[PDB]
Amino acid sequence: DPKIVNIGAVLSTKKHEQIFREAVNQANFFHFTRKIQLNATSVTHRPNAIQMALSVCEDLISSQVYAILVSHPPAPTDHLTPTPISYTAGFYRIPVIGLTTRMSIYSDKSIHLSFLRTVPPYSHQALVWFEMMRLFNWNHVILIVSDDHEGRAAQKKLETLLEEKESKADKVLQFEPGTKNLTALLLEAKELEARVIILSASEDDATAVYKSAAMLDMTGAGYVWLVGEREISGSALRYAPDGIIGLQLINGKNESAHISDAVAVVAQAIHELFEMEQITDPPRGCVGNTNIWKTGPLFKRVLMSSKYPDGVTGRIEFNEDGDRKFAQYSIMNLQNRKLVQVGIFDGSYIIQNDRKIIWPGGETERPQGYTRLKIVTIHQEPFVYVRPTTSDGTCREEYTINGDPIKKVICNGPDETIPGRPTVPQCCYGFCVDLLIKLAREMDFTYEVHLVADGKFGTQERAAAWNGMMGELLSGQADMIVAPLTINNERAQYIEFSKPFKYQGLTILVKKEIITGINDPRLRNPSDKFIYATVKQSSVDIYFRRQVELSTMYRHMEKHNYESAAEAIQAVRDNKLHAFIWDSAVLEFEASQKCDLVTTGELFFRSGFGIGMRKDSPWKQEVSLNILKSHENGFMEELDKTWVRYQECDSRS
Amino acid sequence: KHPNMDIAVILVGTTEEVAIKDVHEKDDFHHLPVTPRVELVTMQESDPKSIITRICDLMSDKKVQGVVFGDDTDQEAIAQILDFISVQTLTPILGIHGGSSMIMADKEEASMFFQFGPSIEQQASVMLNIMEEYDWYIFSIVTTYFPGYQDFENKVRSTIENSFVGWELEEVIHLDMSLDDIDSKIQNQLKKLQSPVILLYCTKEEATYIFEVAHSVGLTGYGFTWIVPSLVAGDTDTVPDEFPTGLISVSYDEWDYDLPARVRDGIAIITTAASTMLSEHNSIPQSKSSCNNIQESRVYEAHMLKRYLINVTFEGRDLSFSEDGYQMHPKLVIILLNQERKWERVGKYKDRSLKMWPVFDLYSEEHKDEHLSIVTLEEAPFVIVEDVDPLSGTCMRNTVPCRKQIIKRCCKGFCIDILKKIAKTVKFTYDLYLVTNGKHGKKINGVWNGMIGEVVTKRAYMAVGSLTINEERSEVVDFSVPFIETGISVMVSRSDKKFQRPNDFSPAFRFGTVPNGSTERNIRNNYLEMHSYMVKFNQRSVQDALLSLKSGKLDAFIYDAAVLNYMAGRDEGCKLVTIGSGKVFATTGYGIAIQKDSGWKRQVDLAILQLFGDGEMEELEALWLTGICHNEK
């Protein structure tokens with residue numbers, strides 16, 4: 001006996017409905033009609049979501065559809081107008097197949113679990129870009145995305161592609177939709193060294209993107225643009241820059257080819273399905289059924305695995321999300337302000353059409369790609385000094401003890417002078433600054449420095465991250481850290497460390513004028529009467545907390561802590577506190593500076609000071625390489641000789 | 001002038017045809033500026049078509065400005081459906097019970113939908129409080145692709161990172177219910193996890209399948225326990241016994257407040273939001289309800305309503321919502337599956353804080369396992385071996401038995417007492433014996449010797465004694481924190497390089513130490529000449545080394561600082577003293593061996609400084625360590 005197995009669909013026009021029924025009949029004719037038969041039902045798009053959902057429950061599901069096909073309407077209303085069906089069929093787990101919805105938001109199985117499509121989403125376009133990036137060998141790019149499930153998905157996909165490689169987030173830039181002026185964000189973009197750009201946005205947004213981009217002349221040569229199908233199309237095409245690279249999916253406009261093929265796949269899936277037993281028909285009508293349809297997920301499983309590589313649309317296989325795989329796109333170029341096919345992309349490999357490559361601005365062939373360092377510091381007296389620039393005028397001609405003029409640079413940092421704390425423009429001059437500029441003459445880089453808002457260098461706290469300049473480094477507020485930073489393993493895992501410019505260890509300052517060891521019985525014999533003082537969140541405190549062996553001794557130090565270096569030296573000078581503990585490099589210079597106060601014992605926690613960088617940044621490789629080169633010639637020795645005065649002091653006893 | 005709002009409410013289920021009609025809506029709190037106009041309707045079983053049709057049907061020209069939904073059903077999906085209508089209408093809708101109260105995907109921001117179920121994040125927090133209460137530290141999560149995953153995984157991650165405790169997340173599993181399995185792929189994964197406490201997250205229906213599969217896997221039994229969010233328990237009226245017993249989950253209580261009281265809460269929220277919005281703009285909230293046509297004008301203006309509606313208070317009770325649309329902190333009850341089919345309450349939880357009833361053993365030592373044999377050696381101020389009274393036949397008082405393979409010897413002393421207190425505090429039992437080969441560990445060529453050998457051979461778990469600490473032994477075995485200040489030191493009657501060479505001084509000088517010591521090894525490592533010279537002055541034993549010092553024929557003696565200080569205090573005559581202040585180089589302390597990174601470890605360390613924390617060590621120092629000499633002080 002025959003059994004009539006219904007299928008259902010929502011399509012743009014009655015002609016396409018006839019096309020649907022025709023394809024279905026082709027499926028019936030060409031597969032056993034004795035065992036099973038396929039029947040076709042369809043409806044035009046309705047003006048609202050609701051009429052259509054009601055149509056599915058009433059007009060379609062009453063026919064017991066085993067699956068539904070859906071296409072984008074003639075006039076797109078908002079976006080993802082085939083949103084309701086995926087939900088509606090989804091309740092009963094009836095598989096849905098979209099023809100025209102390239103929308104990415106359907107890729108998450110969680111929200112739409114019945115959704116499959118004969119087209120890949122806009123996110124999957126990144127497959128091309130990685131391959132494109134692969135060929136041209138630009139590892140450094142910039143990504144501009146709108147803020148929504150679409151853009152963020154694109155970012156996730158591309159980044160996931162990059163994850164197999166060393167993860168590459170050269171930079172990423174998020175803007176929110178509907179925003180006419182984007183200028184500031186691109187101003188941020190130019191600073192990034194990488195000269196290749198890729199973007200995903202809506203047509204209207206893209207107009208604003210190109211409009212803003214042209215103002216800053218980022219459309220020029222030495223810059224590259226890679227984009228989505230939507231970006232090249234519409235009003236965006238009108239305002240689009242020359243030489244841009246662009247994508248168009250094949251048969252994206254046509255529902256019908258996708259119809260014939262989708263139905264073909266459905267037929268193959270069903271005929272493969274009925275080979276299995278314990279099947280159940282879908283629920284008859286929406287009314288009276290609160291229960292899902294147990295077969296539906298299985299139908300989805302076979303249908304996702306359903307092969308039939310030969311199709312009108314191209315190869316057919318489905319990814320985990322139910323999204324299509326191995327789809328083909330045609331690359332497009334803007335030559336003479338018109339769209340041309342430079343090449344076509346099919347399968348996992350790009351194909352180059354005979355047409356000449358165009359890049360933006362004039363290039364016969366120009367694959368060109370790939371400038372600033374944000375530096376952060378802290379207020380530490382020996383290696384850094386802070387004075388404000390006098391009025392508008394910049395820096396003093398003040399001279400070192402050896403006759404040389406003192407060099408200086410501008411730094412934006414926390415000011416306690418005002419009652420509120422503004423990030424204040426300031427002048428800073430230092431050993432680390434001279435070193436930095438020494439590098440800057442040696443290194444291709446240019447430098448802009450601002451002091452970190454927090455007086456602390458950094459410490460883990462609060463989830464969140466370690467407060468202080470280090471935190472800025474991971475955050476990227478500053479890409480490189482130049483300061484007197486001790487180098488330790490706890491920090492070391494998080495970031496790369498430059499070879500030490502300086503070698504120093506902790507020690508104690510006490511006034512001379514009338515502490516046996518790092519282990520002082522006097523420390524070991526603490527007293528409320530005899531204070532020993534430090535800074536909370538100073539790395540020394542990390543030594544106290546991390547180390548188990550002295551863990552008891554930490555607490556006595558914890559009492560009566562000071563906030564900053566100046567206050568800590570002052571307490572001993574003021575004689576408020578009998579002893580002060582800090583690393584030598586900051587301390588010895590002061591020991592020379594007063595001589596009223598003295599350093600004692602042997603540097604313990606022997607360590608070094610180095611310049612912080614992310615492990616991912618290769619510039620540090622040169623930095624250490626440079627640091628060593630600066631050590632061998634005695635550059636450091638002369639710099640310490642300049643900045644450590646040594647003028648008046650001696651061993652007192 | 002008279003501002004009468006238009007409102008509608010629906011009840012589904014109720015286990016009655018002729019479900020209780022219009023029980024409420026009786027004027028309460030009439031003072032509120034807008035008076036409610038109510039139309040009530042009920043429908044028996046839920047459908048997307050039935051619900052959509054009916055709600056739009058009630059919309060008609062009626063122009064209702066608000067809707068409350070309630071159900072007898074366990075269904076997850078319903079909330080989303082009504083939410084969809086809300087997205088379309090921009091007409092507020094909320095629900096007080098069952099599925100609508102059950103969690104849903106993150107709501108569209110433009111959309112207005114609210115649920116009287118708890119937040120996913122909140123629920124995860126409560127699950128964590130429950131685990132913390134029973135101090136179940138180690139756990140895993142089984143989840144499904146249903147919405148809220150990774151809002152849940154993230155929430156657990158956030159809640160977990162902050163806490164001090166060393167809890168372990170073992171595994172997180174994501175399995176698609178779609179692409180339903182021949183593979184029993186869920187069985188294949190679930191079989192892997194070894195963790196005692198499992199959090200599960202899924203649809204009500206899915207929990208059944210996962211549980212049947214767990215029953216096949218053997219995961220429901222014997223020591224493993226499962227903890228569940230609101231969704232699985234749902235109504236709690238109907239419970240397939242596919243769910244294992246002892247299953248722990250949170251839900252809203254029917255008993256505290258009945259469903260009509262809850263509906264009253266909903267109506268109150270809608271009319272309070274209307275009153276506040278009125279107070280702000282003096283404007284009628286009323287809007288055309290009909291879905292079929294385009295949304296009524298100035299309904300687009302409605303956004304502020306949501307902004308007003310998020311937190312609402314009446315009857316001294318807060319309805320405050322969260323951005324997602326769940327109420328910020330509804331009262332919640334900790335529930336368990338009592339034996340048979342019972343859902344019987346265990347805990348109450350509200351706002352910040354949680355309270356639970358049962359004390360212990362809710363629903364071969366559970367806290368910890370195995371046994372530890374210990375090896376030691378006899379020292380003259382760390383451990384003392386004594387011969388037990390033969391008539392007694394067994395050890396007396398503080399003395400604890402220790403055996404030496406060659407006979408039962410009786411050990412007592414500092415190590416015995418410290419060990420005894422530690423054993424009392426951590427509450428474990430132990431076997432003590434004496435080392436044979438090489439005493440404290442000694443290296444000849446390639447191989448180790450001594451107690452360390454028995455620690456490496458696993459013939460000993462922990463080694464105790466006067467054993468000093470060094471980098472090599474810390475490398476091979478984890479050491480306890482030092483209990484006492486000690487180290488290398490000198491003892492004589494009464495860095496200069498006088499030690500470095502004897503030959504510089506014309507008369508021959510003399511100093512020696514006990515061989516196979518950490519002192520001798522350290523010496524050989526840093527100072528060769530001293531070792532090569534001192535080998536002649538090496539002595540058999542501390543009593544004999546003392547014989548070389550005491551009777552003459554040797555000038556200076558060098559040894560452990562604690563022993564030399566105790567010996568300084570204890571001497572037949574005060575003929576012997578320490579060097580300088582006895583301030584020792586190589587500042588060290590006595591540690592205790594463990595195997596490697598795997599050990600009771602930190603638990604020991606805590607115990608140790610608790611010993612000083614109560615000040616016992618000072619007493620023990622006065623009793624055992626304190627010598628009579630150093631009397632003129």
# chains A, B, ... in the order shown; residues from 1 in each chain; ligands from 1

call {"tool": "closest_atom_pairs", "arguments": {"of": "chain B", "to": "chain A", "cutoff": "9 Å", "atoms": "only C-alpha atoms", "output": "tab-separated table"}}
result
residue	atom	partner	partner_atom	distance
B:45	CA	A:288	CA	7.0
B:46	CA	A:290	CA	6.1
B:47	CA	A:290	CA	6.0
B:48	CA	A:286	CA	7.1
B:49	CA	A:57	CA	6.1
B:50	CA	A:287	CA	6.8
B:52	CA	A:54	CA	7.9
B:53	CA	A:54	CA	7.9
B:75	CA	A:290	CA	8.2
B:77	CA	A:91	CA	7.2
B:81	CA	A:87	CA	8.6
B:84	CA	A:84	CA	8.6
B:85	CA	A:50	CA	8.2
B:88	CA	A:49	CA	8.0
B:105	CA	A:111	CA	7.2
B:144	CA	A:110	CA	8.8
B:145	CA	A:110	CA	5.2
B:146	CA	A:110	CA	5.3
B:147	CA	A:110	CA	5.6
B:148	CA	A:110	CA	8.7
B:149	CA	A:110	CA	8.5
B:157	CA	A:463	CA	8.9
B:158	CA	A:463	CA	6.6
B:161	CA	A:463	CA	6.5
B:162	CA	A:463	CA	6.7
B:176	CA	A:109	CA	8.2
B:177	CA	A:297	CA	7.9
B:178	CA	A:297	CA	5.0
B:179	CA	A:301	CA	4.7
B:180	CA	A:297	CA	5.7
B:181	CA	A:298	CA	8.1
B:291	CA	A:50	CA	7.9
B:292	CA	A:50	CA	7.3
B:293	CA	A:48	CA	8.3
B:294	CA	A:48	CA	8.4
B:480	CA	A:549	CA	8.8
B:481	CA	A:549	CA	5.8
B:482	CA	A:549	CA	7.3
B:583	CA	A:521	CA	8.3
B:587	CA	A:519	CA	7.8
B:609	CA	A:552	CA	8.3

call {"tool": "select_by_dssp", "arguments": {"residues": "segment 227-454 of chain A", "states": "strand (DSSP E)", "output": "number ranges by chain"}}
result
A: 227, 245-249, 317-318, 324-325, 329-333, 340-346, 349-352, 372-376, 385-387, 409-414, 423-429, 446-449

call {"tool": "residues_around", "arguments": {"residues": "residue 556 of chain B", "least_positions_apart": "5", "cutoff": "9 Å", "atoms": "only C-alpha atoms", "output": "compact mmCIF listing (two decimals) with N, CA, C and O atoms, in the first residue's frame"}}
result
# COMPACT_ATOMS: atom_id res chain seq x y z
N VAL B 490 78.72 25.74 66.80
CA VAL B 490 79.94 25.33 67.47
C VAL B 490 79.77 25.29 68.99
O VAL B 490 78.99 26.05 69.56
N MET B 491 80.50 24.38 69.62
CA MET B 491 80.47 24.21 71.06
C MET B 491 81.91 24.07 71.55
O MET B 491 82.65 23.18 71.08
N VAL B 492 82.31 24.97 72.44
CA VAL B 492 83.69 25.05 72.91
C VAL B 492 83.81 25.52 74.37
O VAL B 492 82.90 26.15 74.91
N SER B 493 84.93 25.17 74.99
CA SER B 493 85.29 25.63 76.33
C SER B 493 85.91 27.03 76.31
O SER B 493 86.41 27.47 75.28
N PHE B 509 95.42 23.31 65.02
CA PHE B 509 94.11 23.55 65.61
C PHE B 509 93.27 22.30 65.37
O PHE B 509 93.67 21.43 64.60
N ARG B 510 92.11 22.22 66.00
CA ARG B 510 91.29 21.02 65.87
C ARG B 510 89.80 21.31 65.92
O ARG B 510 89.31 21.98 66.83
N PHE B 511 89.07 20.79 64.94
CA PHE B 511 87.62 20.81 64.97
C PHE B 511 87.07 19.65 64.14
O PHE B 511 87.65 19.28 63.12
N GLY B 512 85.95 19.10 64.57
CA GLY B 512 85.38 17.94 63.91
C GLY B 512 83.87 17.86 64.03
O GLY B 512 83.26 18.54 64.86
N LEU B 549 85.87 16.45 73.15
CA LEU B 549 85.91 17.83 73.66
C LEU B 549 86.24 17.90 75.16
O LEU B 549 87.14 18.63 75.58

call {"tool": "residues_around", "arguments": {"residues": "residue 584 of chain B", "least_positions_apart": "3", "cutoff": "10 Å", "atoms": "only C-alpha atoms", "output": "list in words"}}
result
residues 485, 486, 487, 488, 489, 490, 560, 561, 578, 579, 580, 581, 587 and 588 of chain B

call {"tool": "write_last_selection", "arguments": {"atoms": "N, CA and C atoms", "output": "mmCIF file, in the first residue's frame"}}
result
data_model
loop_
_atom_site.group_PDB
_atom_site.id
_atom_site.type_symbol
_atom_site.label_atom_id
_atom_site.label_comp_id
_atom_site.auth_asym_id
_atom_site.auth_seq_id
_atom_site.Cartn_x
_atom_site.Cartn_y
_atom_site.Cartn_z
ATOM 1 N N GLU B 485 64.124 26.536 65.861
ATOM 2 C CA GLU B 485 65.260 27.252 65.305
ATOM 3 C C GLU B 485 66.530 26.465 65.602
ATOM 4 N N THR B 486 67.239 26.075 64.548
ATOM 5 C CA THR B 486 68.433 25.251 64.693
ATOM 6 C C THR B 486 69.369 25.447 63.504
ATOM 7 N N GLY B 487 70.373 24.583 63.392
ATOM 8 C CA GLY B 487 71.333 24.678 62.309
ATOM 9 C C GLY B 487 72.708 24.194 62.706
ATOM 10 N N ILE B 488 73.698 24.493 61.876
ATOM 11 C CA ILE B 488 75.081 24.178 62.202
ATOM 12 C C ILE B 488 75.517 25.147 63.297
ATOM 13 N N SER B 489 76.390 24.702 64.192
ATOM 14 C CA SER B 489 76.895 25.563 65.250
ATOM 15 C C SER B 489 78.120 24.959 65.908
ATOM 16 N N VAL B 490 78.718 25.737 66.804
ATOM 17 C CA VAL B 490 79.942 25.333 67.471
ATOM 18 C C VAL B 490 79.769 25.291 68.985
ATOM 19 N N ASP B 560 74.672 20.109 65.241
ATOM 20 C CA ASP B 560 73.374 20.762 65.112
ATOM 21 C C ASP B 560 73.165 21.746 66.264
ATOM 22 N N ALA B 561 72.506 22.864 65.973
ATOM 23 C CA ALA B 561 72.443 23.989 66.908
ATOM 24 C C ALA B 561 71.506 23.725 68.075
ATOM 25 N N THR B 578 78.109 27.719 73.870
ATOM 26 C CA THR B 578 77.923 27.921 72.428
ATOM 27 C C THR B 578 78.871 28.993 71.884
ATOM 28 N N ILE B 579 78.828 29.224 70.573
ATOM 29 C CA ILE B 579 79.682 30.229 69.941
ATOM 30 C C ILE B 579 78.955 31.558 69.749
ATOM 31 N N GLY B 580 79.569 32.653 70.189
ATOM 32 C CA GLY B 580 78.921 33.952 70.150
ATOM 33 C C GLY B 580 77.577 33.939 70.853
ATOM 34 N N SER B 581 76.545 34.407 70.158
ATOM 35 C CA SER B 581 75.182 34.355 70.675
ATOM 36 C C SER B 581 74.546 33.017 70.315
ATOM 37 N N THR B 587 70.950 28.866 58.678
ATOM 38 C CA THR B 587 69.777 28.886 59.544
ATOM 39 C C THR B 587 68.718 27.931 59.017
ATOM 40 N N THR B 588 68.379 26.937 59.827
ATOM 41 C CA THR B 588 67.434 25.913 59.413
ATOM 42 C C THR B 588 66.563 25.464 60.575
#

call {"tool": "select_by_dssp", "arguments": {"residues": "segment 128-235 of chain B", "states": "helix (DSSP H, G or I)", "output": "number ranges by chain"}}
result
B: 128-133, 152-162, 185-190, 204-217, 230-233

call {"tool": "residues_around", "arguments": {"residues": "residue 11 of chain A", "least_positions_apart": "4", "cutoff": "9 Å", "atoms": "only C-alpha atoms", "output": "ChimeraX atom specification"}}
result
/A:16-17,20,42-45,69-73,255

call {"tool": "residues_around", "arguments": {"residues": "segment 366-378 of chain A", "least_positions_apart": "5", "cutoff": "9 Å", "atoms": "only C-alpha atoms", "output": "PyMOL selection string"}}
result
chain A and resi 136+138-141+190-196+221-224+357-360+384+411+413+444-457+469-470+472-473+476-484

call {"tool": "residues_around", "arguments": {"residues": "residue 460 of chain B", "least_positions_apart": "3", "cutoff": "12 Å", "atoms": "only C-alpha atoms", "output": "ChimeraX atom specification"}}
result
/B:371-376,430-435,450-457,463-464,477,592-595

call {"tool": "closest_residue", "arguments": {"among": "B:515, B:573, B:98, B:393", "to": "residue 237 of chain B", "atoms": "only C-alpha atoms"}}
result
B:98

call {"tool": "atom_distance", "arguments": {"atom1": "atom CA of residue 174 of chain B", "atom2": "atom CA of residue 143 of chain B"}}
result
5.4 Å

call {"tool": "atom_distance", "arguments": {"atom1": "atom CA of residue 44 of chain B", "atom2": "atom CA of residue 99 of chain B"}}
result
14.6 Å
